[PDB]
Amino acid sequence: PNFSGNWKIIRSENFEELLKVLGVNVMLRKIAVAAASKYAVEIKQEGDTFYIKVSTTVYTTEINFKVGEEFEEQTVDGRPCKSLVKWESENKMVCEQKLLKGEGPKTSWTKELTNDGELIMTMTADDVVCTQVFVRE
């Protein structure tokens, strides 16, 4: 599997519902949904080490990790967390997150490379799953 690429979003489902679970108010939810229709994920993969840059029009952030090694990032709604990525299969990884301070919904994400050349990213907060689909530029 080679996740490396400049990925462009083509589909985003249930993102507003995810943000609702996370306590984002309705107006900012709609604005965030609009930002998601634009956004890109750049991946550089070397073996089990991943460099990921997620960007929208006005914001960019970097996720760096090695599979199986704890690291710190933020949840979708922006709360700092400790994260651990594991493979679920040849082409799919899963990340469990634990809040660094306080409580909140159980969050996680997955990244999958399909046989058709798509990247599928899911983000979960409790029972609500957002699914996002990208293609390479």
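Each residue number is its position in the shown sequence, starting from 1.
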Selected stretch [higher average CA B-factor]: 55-63 or 97-105: 97-105
Which of 113-121 and 10-18 has higher mean CA B factor, as the PDB entry lists it: 113-121
Candidate residues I43, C81, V33, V85, the one whose C-alpha B factor the record puts highest: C81
Entry-reported Cα temperature factor of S89, expressed as the chain third it lands in: lowest
